[PDB]
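Take a look at the structure below.
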Amino acid sequence: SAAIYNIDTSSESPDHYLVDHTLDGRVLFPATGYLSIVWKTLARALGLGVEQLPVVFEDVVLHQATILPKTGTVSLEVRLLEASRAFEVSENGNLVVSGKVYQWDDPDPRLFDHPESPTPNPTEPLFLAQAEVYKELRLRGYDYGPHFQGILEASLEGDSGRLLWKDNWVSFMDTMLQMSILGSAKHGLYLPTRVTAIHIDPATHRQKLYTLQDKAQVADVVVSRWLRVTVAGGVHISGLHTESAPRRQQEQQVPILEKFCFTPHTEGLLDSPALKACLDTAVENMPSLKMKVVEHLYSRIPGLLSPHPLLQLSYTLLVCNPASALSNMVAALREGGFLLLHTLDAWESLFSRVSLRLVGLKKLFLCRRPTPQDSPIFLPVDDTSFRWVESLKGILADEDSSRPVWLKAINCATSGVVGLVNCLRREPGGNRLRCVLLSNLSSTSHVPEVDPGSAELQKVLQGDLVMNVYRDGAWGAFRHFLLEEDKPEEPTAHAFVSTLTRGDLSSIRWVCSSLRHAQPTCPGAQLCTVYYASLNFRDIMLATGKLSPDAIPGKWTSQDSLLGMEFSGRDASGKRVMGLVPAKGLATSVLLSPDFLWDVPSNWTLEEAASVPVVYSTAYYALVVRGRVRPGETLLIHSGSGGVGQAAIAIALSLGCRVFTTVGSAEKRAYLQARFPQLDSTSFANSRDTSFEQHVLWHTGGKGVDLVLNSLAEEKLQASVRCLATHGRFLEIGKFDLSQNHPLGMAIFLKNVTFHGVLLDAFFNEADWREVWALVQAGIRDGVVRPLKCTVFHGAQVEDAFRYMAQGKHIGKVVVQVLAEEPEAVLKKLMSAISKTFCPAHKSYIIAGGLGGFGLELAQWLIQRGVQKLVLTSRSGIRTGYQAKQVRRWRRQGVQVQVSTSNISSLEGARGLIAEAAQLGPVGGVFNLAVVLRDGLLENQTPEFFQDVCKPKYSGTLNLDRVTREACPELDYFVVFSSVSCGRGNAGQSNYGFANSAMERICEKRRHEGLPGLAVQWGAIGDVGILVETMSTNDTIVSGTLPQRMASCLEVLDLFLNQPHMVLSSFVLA
Amino acid sequence: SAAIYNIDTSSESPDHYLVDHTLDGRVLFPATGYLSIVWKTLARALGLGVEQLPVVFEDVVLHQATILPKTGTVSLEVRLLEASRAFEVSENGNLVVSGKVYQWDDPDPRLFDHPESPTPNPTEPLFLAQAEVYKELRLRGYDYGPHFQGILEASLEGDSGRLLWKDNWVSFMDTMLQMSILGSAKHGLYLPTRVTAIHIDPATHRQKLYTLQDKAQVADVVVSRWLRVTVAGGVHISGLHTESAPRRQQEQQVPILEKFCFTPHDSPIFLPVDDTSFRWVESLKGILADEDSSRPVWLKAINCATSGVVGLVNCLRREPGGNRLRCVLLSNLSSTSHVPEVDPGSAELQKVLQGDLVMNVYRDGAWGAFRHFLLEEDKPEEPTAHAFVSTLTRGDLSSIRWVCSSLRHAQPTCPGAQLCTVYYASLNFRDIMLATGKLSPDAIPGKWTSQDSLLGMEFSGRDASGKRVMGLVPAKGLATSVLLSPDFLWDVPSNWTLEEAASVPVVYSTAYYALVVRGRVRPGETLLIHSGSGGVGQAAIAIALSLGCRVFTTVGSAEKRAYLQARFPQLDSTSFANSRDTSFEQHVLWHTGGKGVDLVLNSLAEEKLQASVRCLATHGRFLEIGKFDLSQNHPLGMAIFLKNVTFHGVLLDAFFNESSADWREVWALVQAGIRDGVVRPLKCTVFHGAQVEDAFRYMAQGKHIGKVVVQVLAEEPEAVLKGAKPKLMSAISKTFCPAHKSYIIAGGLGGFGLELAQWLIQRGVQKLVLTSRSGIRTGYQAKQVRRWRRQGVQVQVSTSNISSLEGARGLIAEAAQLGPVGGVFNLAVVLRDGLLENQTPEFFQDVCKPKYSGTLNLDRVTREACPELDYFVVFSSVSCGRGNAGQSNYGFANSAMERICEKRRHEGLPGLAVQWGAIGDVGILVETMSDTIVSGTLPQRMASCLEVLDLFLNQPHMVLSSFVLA
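Chains F and E, in that order, give the protein sequences. All letters in the first sequence, in the order written, are residues 858 to 1124, 1217 to 1244, 1251 to 1271, 1312 to 1316, 1325 to 1347, 1375 to 1393, 1400 to 1802, 1805 to 1866, 1871 to 2112 by PDB author numbering. All letters in the second sequence, in the order written, are residues 858 to 1122, 1410 to 2074, 2077 to 2112 by PDB author numbering.
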């Protein structure tokens, strides 16, 4: 019969380890789980056990992924064809896995021998530990749980390592597959789809397992990328073919983005940031997380307070939108409560009569009832030595006393008192003990300071607001405002077309390109001004998500878009040219070698010239170079009304060749008849079904065609092969059958048939292209290369062009005109594009703390954004294997990344660091990610903790500020990574909040003077960091906030770097 | 899961009709039987009936043939993979049929529309009847019984017809396949092995059926070989592939071959049978009426020396009253005129009567009788300068011998063809596969007859001018002489030897083709050659090293490794891998840096071909010169073409069909390589032409390195020897005919007449004159005659009756108009059966007019005006030698024919009388009678009949017999 496996991933279920095989947030059945169940079925059929049956899997193809639900059961049916040696796995009648499985009759232990490494004896003392290996895997989208974490150790290149054996054949072989992708330079999720051959011999597997000092038996895994073979224990995976799996948008966390900006106390309104500011002020001035609010304000206040993670809201603070009513409201409100009244001298008099003190004015009236307090304690937190923390502990150590303690920062305007107070407010000492500050942050020296011991601070006590900051005359405090949802745009002459969300044509926008921040115009490349950029089928396959971006050959990062393979326009000299590019051709400008450039003749329009390069190069390479079309031959050209088909028709008819075309429309028949008069009514067939084969065979006298230009697939491809004549040439221009490894029956080759896999894409990564270029040029001179039909969409209608030519109704080529041709001469451009952060290759960028968790990922992101001169500052240098691997990759791929021990906490250290950066090139960016943690309750806090926690962040940022101001006139980025702890408050880390707030003040001062400045209030970071590596596993709720993923973190950083705001925040709600 | 189908061929079993699907004497399960079984399994799985389940079969592959035993049951297990749409038929765990089966979701009745014929049928009235269709099929080896005889009618071209419907799908689709293979130029037993797609829609099948006047449901069948499709009713077979299954050597037709040579040792009734009016038949009947006085019946033939009453006495003895009559003959068969006539009125007659011998015939002073002697089993060997190597029995290297070539009995002379004496002929892998039977003769392209031997693909020797040349031929290279076009000849260089040069033409042509013309190898390209120790591998190594290419070679032994290292010193230790394993792939991928190799010249198979494909680099070229994976249609993963990889199916044998400038490119490449020294001949192990069998078995095992060369003639020391005549060597005699001579077949439109005509065409006859009183009537005759005419033979269908002397003279003149009369075959026969009691002198006259008088006139006219006559063959019957019930006249005519032939041979003229037994598969016993015992003898099959006739035509005996005992 059929063996049925009810896959239950329940707690008491004997297959519960499968819940730990999470990929992109979905529990997927492992590719090796199918092998295990097929092995079990074969053992049952043969009467043996799995451990007693060596097994061989051949041509294993995984047709779909099985999603294991949280609750329920998935039934997988394994059917064996013993005579055919084949198997199949079905979920609900749908084919899941197919291939050949059979008993290994003569098992060879010599097969499971580790092949010699291509670069043996690396002499590398640093390796990738298990934690680092799975951190790197998680960064790529592999959320493997503890049961599938079997790589205890691996080399930095992923070519060798150690595999933990846990009496499991699914987990061990899945870790074997993990090792095969650990060393891959590809980015993103890669799932196994085809494996050429898997050999499992448990007999030699048992003898290859050796126990460690832990007493857990392990094996040694080796990945030979040259041989395409993975061996570990008694398993030999050969020919594994992983295919990119798109990362689902559901797993993409949506973060809350806010800007930290100073808000004066004294400044339609319901739907304005003033209401949010008042609500946040009330939340800040509160004993605990309980929010007792009594009231059309029910539709805004709960929504505005919802982003706050720890706020417990009880909506029925007093909000309303006369003397007796005010008295009743005051009586209802408790001591220290806030009354928020919205209405269109009399109001102030009524508030005074009701003993209400106004603390906010938005022109929304904010009133707070004074609370009886004794003489306050004045503690200056402006001491550089942090000697004030001892007095802070002394006053806050008396739990019995409720006397207010007013902190003051009258000096050192860059004082981080805000974050310190934010963290103290939720600490058990100081929740109601009034740990209130007062900061005089003068952004300009012209504005005079507020003298102490005067009426201004008396008004401060009168208001009794927890946060009181004097910023350029006005009195207020810093507060969080929701960031604008719109992506910032700038007028740029260099832009490109990108799909912001993969697979969505409506997401197509023009984005700032990397050809403006860096323009390294040198021989071998040319910054060509694109006038017309045509679309190809690959562009839609990319923009609709049907084709993975990495399937395009060439070194492409995970951020850049690859839309457009061809353009026409101008040159640096101004000559009218048309060029062929591997990608990025759908842009305002393209950097391209002159080898892939032609000269547009005088008669040709620039618009019509924009359809020739891709289509005619493809046709020439397929027909002349590869197909070797002799004159007078017979050709079957599929999709002859398309681009490549039309050029092949023109080329063949230039040689006087009999042509058979397949078109799916009578309109396309008419168009081809009109375009090429030499075609006969018998020359046209149907491209939407197989009957073209019967048409060709009948009209060729059963002989067939000498050439086939096949873009069709499946049964149409098989019929096209059947159309071949003796000595016939088959040119495969399509990719579906090739990508799916569909079986081509090897009996057509008995007709002296040559099968061509024609891909005009290796010309951009390997020379021989000059032959095709010369052929295209010669066809241009002879008139053979004729411009195609061009449907024109302007630059602003790129989405319209994409969704038009996706319908398939277009005839010829669809052209996106970027810049209109000027009729003034044939020898003699601003556009609002989304701001994307890009960096010149000639500038140096410093990441203090760049060897840490966020530091390494930010460095990699900067590399992908064009940074070629990088300086990473660490207090200890390279210690971990992960850091060594990342720095090694960056150095190998061409970047001048330099590790420096110089500490920014010292001014001389910062000067030396800036000098080291300037040695490579001008300092274009400074990133302060240096951090240490002395987290603990205030009673355990010591001044030395404040010194050593503020030196990495506060004094380091001050030194970076000074040195950049005095030696970096060309600096473009000054980014410090603060924390949401500073923004709102995290009990147990007060000095951390102080350092972060001081960095925020430094950045605000920098931005006020017109210098670059940016402070990012980061929430918990998920993939890497300090809290994740130490303790936090996966995504646990931390202080009401989910740990943000690195992909979202880098996207948010890209967004933040293109905003005029001084300080912005980012976190993900639980 | 597995649906069990116990196939029982017992009479009570529902599957008893399967006994009628006999092929080559074996009851085979039809391919359509597998189709119906899988269809039933799919219907059961979907809970439907077959008639309610339109079905599609795809990529049906038949891996083995199921033999249905006479006693017992064969169980076929069918397992369905619905998810993958695949099925599998297994018998005792062995895979039989695999493919894709699924329900036709959208049945299109427009699919079952008969395609238009490429040309209109001119002979619409002249079609092939059911009897003719299955007579032809049985001749090809298809012994279809009544249940599988569903082709009611068929056109001569075999592209259309009608199929009878018996509510049986297996029979209907089998007849569809039969109609598909009916119009096939290929001869032999062809069985389906692969079908691309089969669409069965019973819904439109019911509509397509129609009822004739016989109340029998029929369906029109159309076969389109241009579209490679066959449509009939609601069945659509596309891409049917049939491979010629060799006919089993366990042929029960082991004829008893005998000679007929003269063997010296109441009231008497004398009846003179010498009268030419046969008026004595009534007297013989009156004599046989009596009982007592009829004991001494002494019928004497005195006047005519070729009276032939021997058959009269033999057949009349079997009649009731023959032994009682004791019929005794006095035949004065004086072979020479100078011999004295034995007087029948003297003491000689008294002595003959006293002897009482059953048969007494006088022959030049000897009183004897005609007796049957067993024919010598030794094949006649003759000294000829034109002989070829052939396997007498396929698959047996022991049965390898030299047979007289077609050039000996037919010397051709025409521009564009050269007759070159062969000094050294080289064995090739295809030759070994042909001799061992692993390769069918039909796999080699060309127009090859059934008896044609295709051993030998390459040779070296001297042309007609005496120049030293080595050439390449499609086949027949293992001969003492080769007739080939000059475009396939290379001049042997002075420093080369004929033995040395006899290794280049195939090996280096193939290597140069595959590498340069197909592979387009460029200098410096990493290149992988499989089996580099063999010929083609060695040539590819030589070419690649001449181009300075890095070479990876796979060899099966360390000795071959050492030989390649010594021969090509440019190969390092890292250039060699293992060909008997997959490890060459790992070796190549490691030593190439994982990139691959730019070219792969692969002759390996199965996993060793997939590994080689995996060895390919980006822009790699795969040159597939092997055939196993090509012939088996093994799947090839198409993801390799994502590496810009070109896959070449390289077959050098395609150059012998067109011989255009495409071959001239390879010829120029080989000549240039010869003149630059790139083409260097391989090591040759030489076996003398006397012993070719040991060469075949030596190279079959595979220890040989380089080439195995058979030396036909030792190269004499000279440059251009004027003579160049092949040495006279003894070879098995084979009947061949000049192309310039005309051959007459009296009664050549009959069954045996048509078979002999086809055999003569296969033996080189180009001018045929078939005679028939009524001309062409049957569609089989028209099809055969038009096929011969289209082949190029001048076939003349004359109505000149050989009964009259004037008619024979006109027939001979008609033949001489085409060309000199090289041979006359007398097969004209009319039959007037019945016992002697119900017999008439007119019946004797009618029966003897075609045979007795026909041979009279043929002998006379050939003597007068046929100096170049080589054959005078008449077909007698065993009924003459022994006797048949109620066939006295037939025996008399046959014996007269035999006497005529004996006299002709005695006078030195050609003459042959064949006493045929029951003739099978065609003729009179096939139409009138029904593998049925006739007079204790089985009907001899026509393949055996033609083989025995070939044996007889090369014998010195006047009369021989052939029959098969039951």
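Cβ atoms here follow ideal geometry from the backbone N, Cα and C, with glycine treated the same way.
Residue burial is scored here from C-beta neighbours: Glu945/E has at least 16 other C-beta atoms within 10 angstroms and is therefore classed as buried. DSSP, read as helix, strand or coil, puts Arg1724/F in coil.
Nearest neighbour of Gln1107/F by Cα position, chosen from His1553/F, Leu1473/F and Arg883/F, turns out to be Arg883/F. For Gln1730/E, at least one C-beta of chain F is nearer than 8 Å to its own C-beta. Per DSSP, the continuous alpha helix (DSSP H) segment holding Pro1649/F begins and ends at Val1648 to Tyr1656. Rounded to whole angstroms, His873/E and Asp1071/E show a C-alpha spacing of 25 Å. When Cβ-Cβ separations below 8 Å define contact, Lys1043/E makes no contact with chain F. The way I'd put it, the segment 1887-1907 of chain E doesn't touch the segment 1567-1575 of chain E; fewer than three beta-carbon pairs between them come closer than 8 Å. Inclusion of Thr1697/E and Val1741/E in the CB contact set at 8 Å is not warranted, their separation being larger than that value.
Scanning its chain for C-beta atoms nearer than 6 Å, with the 5 sequence neighbours on each side dropped, one finds around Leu983/F the residues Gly1923 and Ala1926, in chain order. If the five residues before and after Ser1437/E are omitted, its C-beta is found closer than 6 Å to the C-beta atoms of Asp1410 and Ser1411, all from its own chain and listed in chain order. Between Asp916/F and the set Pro1049/F, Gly904/F and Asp970/F, the nearest pair of CA atoms involves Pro1049/F. Taking 8 Å as the CB threshold, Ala2062/E stays off the interface with chain F. Beta-bridge annotation (DSSP): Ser2107/F is paired with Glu1115/F and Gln2059/F. Its Cα nearest to that of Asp1838/F, the residue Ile1544/F stands out among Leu1904/F, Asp1500/F, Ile1544/F and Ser1327/F. In the three-state reduction of the DSSP assignment, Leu1780/F falls in the strand class. Chain order gives the chain E residues near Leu1780/F as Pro1779, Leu1780, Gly1781, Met1782, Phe1785 and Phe1791, where near means a beta carbon separation below 9 Å. For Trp1083/F, the closest Cβ of chain E is nearer than 8 Å.
C-alpha of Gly1465/E to C-alpha of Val1457/E: approximately 12 Å in a straight line. Using a 10 angstroms sphere on the CB of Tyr1067/F, the tally of other CB atoms stays under 16, which defines it as exposed.
Using a CB distance cut-off of 8 Å, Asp1773/F counts as an interface residue toward chain E. With a threshold of 8 Å between beta carbons, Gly904/F makes no contact with chain E. Per DSSP, the beta bridge partners of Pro1416/E are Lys1444/E.
Runs of the beta strand (DSSP E) lying entirely within the segment 941-998 of chain F and spanning at least 3 residues, in chain order: 943-947 and 952-960. The alpha helix (DSSP H) runs lying completely inside the segment 1450-1493 of chain F and spanning 4 residues or more are 1453-1461, given in chain order. If only complete runs of 3 or more residues are kept, the segment 1050-1106 of chain E shows the beta strand (DSSP E) at 1074-1081, 1086-1089 and 1092-1101, in order along the chain.
Only residues of its own chain outside the window of five on either side were considered, and among them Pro1325, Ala1326 and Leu1329 have a CB closer than 7 Å to the CB of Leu1380/F, listed in chain order.
Under the 8 Å criterion on CB atoms, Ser941/E is classed as interfacial with respect to chain F. Contact of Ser1543/F with chain E by beta-carbon distance below 9 Å is absent, the smallest such distance being about 29 Å.
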